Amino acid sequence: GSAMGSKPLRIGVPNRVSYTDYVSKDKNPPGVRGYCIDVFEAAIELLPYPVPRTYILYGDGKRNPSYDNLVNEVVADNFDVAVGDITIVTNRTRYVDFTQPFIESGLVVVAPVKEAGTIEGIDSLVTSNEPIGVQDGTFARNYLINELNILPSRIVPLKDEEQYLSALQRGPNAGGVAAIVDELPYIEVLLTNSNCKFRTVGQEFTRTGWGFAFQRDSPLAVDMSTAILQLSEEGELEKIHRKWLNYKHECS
């Protein structure tokens, strides 16, 4: 009581193997780095109390982990919060308190410039019956199946940037994919590093955001929402974005 001090916050962080500028492991303390970590730390700093905290990596380090499962670790009280590129989707809001979003997100279709005549957006992709690439561990798999009625066998999980590019280059008739469905923040990074061979086709066809996932009725969730809005209004969210993400490439 008098002798025994406070537990620290147990923060689950996805062990990303792709798009590591958003969030990834660090060899140095605090053991994690990236856009999402700097936003979380900047928001903590704005709180009117200290928040003793430890970061714990979630995932085998081979494939991006299940973000559905990361959030359920918060629900099961194995983490106090999940911090990272965590998409706010219906099934995840049921059991946790997400903050207000700290960045806007939504799904886009990426295809070769050559293929843009036949695959011109999500609707033409649905009807084509050709393979669709997605990241490991994304909500996008169950969104495509349940919302857009895609035959599960069509959805091909891809491990990293090499497999995203490789699958798009090989195409649907040579053990690749007709398109990748992923969130715009990841695709903005992919098109910076893919030499203008690939583009978005059609409209961004979902809209949501990334948020921090706290346990139901967490007072910390409420204050961190206020902090995030403060970061946004002060222009700090854009400053942190500019530090981690430049979207300018050699063919633009």
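Residue numbers here begin at 1 and follow the sequence given.
When the mean C-alpha temperature factors of 181-189 and 196-204 are read from the deposited coordinates, 196-204 comes out higher. Comparing 130-138 with 163-171, the stretch with the higher mean C-alpha B-factor in the PDB entry is 163-171. Out of 41, 223, 26, 68, it is 26 whose C-alpha atom has the highest B-factor in the PDB entry. Residues shown: 211, 48, 34, 52. Highest C-alpha temperature factor in the entry: 48. Among all modelled residues in this chain, the alpha-carbon of residue 119 has a temperature factor (C-alpha) in the highest third. Split the chain's modelled residues into thirds by C-alpha temperature factor. Residue 9 is in the middle one. Ranked by Cα temperature factor within the chain, residue 17 sits in the middle third according to the deposited record. Among the modelled residues of its chain, residue 151 has a C-alpha B-factor that falls in the middle third, as given in the PDB entry. Looking at the C-alpha B-factors along this chain, the one for residue 158 belongs to the middle third.
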